[PDB]
């Protein structure tokens, strides 16, 4: 028992101290394997939580995505529909990040692609924070709302990024993408206050304000 909980904390630190992408992923796969040694729902929740943190402190999109596929795989094996939803969203934000980087690569001077990219980063961070909050406090109305926020934020970014690729160098399209970036950033800020302050009401107050914004930018961008 304690030999497991202690080991989760150790491997997590090892991953954060790793010096190459290949070592991070090897440690990550060792964290996931510890799930095999237990059926305790809390040990898997803690492992998923550590995976989200390893991902949140990484910058390589490919690595992040691989970390999150593991986290989703664990949630799915648990039958935990709620935690799997959160991991799958973050995973999808990471895949959008990979796509956003490809878009910019084809037209690196394109300010629309740059803004789309910045928007996805903020969306990814918002979804990762929600996952961190849920992984520790499933019953929270803030965690669940945070997941809902990150969902809305990502929908808006996808619409904004859709135009950055479709019709760029156009004032009309350039405004949504600017709004989407701002929307994603605020969503990331809201989800952060909630992550460090789950039970706080000011935390719950911030999450709600960002969804309306997220919802408005989605409706704004679909227009363009």
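Numbering follows the first chain given and starts at 1.
Mean C-alpha B-factor is higher over 136-144 than over the other stretch, the pair under comparison being 68-76 and 136-144. Here 127-135 and 87-95 are compared by their mean Cα B-factor, and 127-135 comes out higher. Within the listed group 195, 58, 50, 39, the record reports its top CA B-factor for 195. Across 63, 164, 32, 54, the entry's maximum B-factor at the CA atom is seen for 164. The deposited CA B-factor of residue 45 belongs to the lowest third of values across its chain. Among all modelled residues in this chain, the alpha-carbon of residue 18 has a temperature factor (C-alpha) in the middle third.
The deposited CA B-factor of residue 12 belongs to the lowest third of values across its chain. When all modelled residues of the chain are sorted by CA temperature factor, residue 157 is found within the middle third. In this PDB entry, the Cα temperature factor of residue 27 sits in the middle third of its chain's modelled residues.
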